[PDB]
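Chemist: Handing you this structure, nothing more for now.
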Amino acid sequence: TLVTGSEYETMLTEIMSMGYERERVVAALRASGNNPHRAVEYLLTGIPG
């Protein structure tokens with residue numbers, strides 16, 4: 001499954017409704033390969049490492 005550009009932006013907007021800045025959410029989505037479960041996990045408790 002590949003999300004579209006529009007779906008990526010709406011995902012980013014939704015995660016930003018928790019208060020995170022755009023660049024941080026972009027970085028988390030990159031680290032998680034656009035899996036929102038892992039992206040939010042990484043915003044909450046850290047990226048792998």
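Quick note on naming: the chains in the structure tokens go A, B, ... in the order shown, residues restart at 1 in each chain, and ligands are numbered from 1 in order of appearance.
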Just the residues within 9 Å of residue A:25, please, counting only C-alpha atoms, with nothing from its chain fewer than 3 positions along; format it as a PyMOL selection string.
Modeler: chain A and resi 12+15-16+20-22+28-30+39-40+43
Chemist: Just the selected residues (C-alpha atoms), exported as an mmCIF file, in the first residue's frame, please.
Modeler:
```cif
data_model
loop_
_atom_site.group_PDB
_atom_site.id
_atom_site.type_symbol
_atom_site.label_atom_id
_atom_site.label_comp_id
_atom_site.auth_asym_id
_atom_site.auth_seq_id
_atom_site.Cartn_x
_atom_site.Cartn_y
_atom_site.Cartn_z
ATOM 1 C CA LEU A 12 0.432 14.971 9.018
ATOM 2 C CA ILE A 15 -0.862 14.004 14.109
ATOM 3 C CA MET A 16 -0.170 17.744 14.457
ATOM 4 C CA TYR A 20 3.678 18.484 17.446
ATOM 5 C CA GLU A 21 5.419 20.812 14.971
ATOM 6 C CA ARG A 22 5.356 19.935 11.277
ATOM 7 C CA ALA A 28 8.779 10.691 12.551
ATOM 8 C CA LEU A 29 6.869 9.654 9.398
ATOM 9 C CA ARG A 30 10.175 9.281 7.547
ATOM 10 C CA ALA A 39 5.332 7.444 13.810
ATOM 11 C CA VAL A 40 3.230 8.311 16.860
ATOM 12 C CA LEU A 43 6.997 11.003 18.773
#
```
Chemist: Which residues are near residue A:31? Cut-off 12 Å, only C-alpha atoms, ignore same chain within fewer than 4 positions. Put them as a ChimeraX atom specification.
Modeler: /A:24-27,35-43,46-49
Chemist: Could you tell me how far atom CA of residue A:17 lies from atom CA of residue A:2, in Å and to one decimal?
Modeler: 23.1 Å
Chemist: Identify, with DSSP run on backbone atoms, the residues in chain A assigned to alpha helix (DSSP H), and express the list as number ranges by chain.
Modeler: A: 5-16, 22-31, 36-45
Chemist: Interatomic distance between atom CA of residue A:14 and atom CA of residue A:45?
Modeler: 18.5 Å
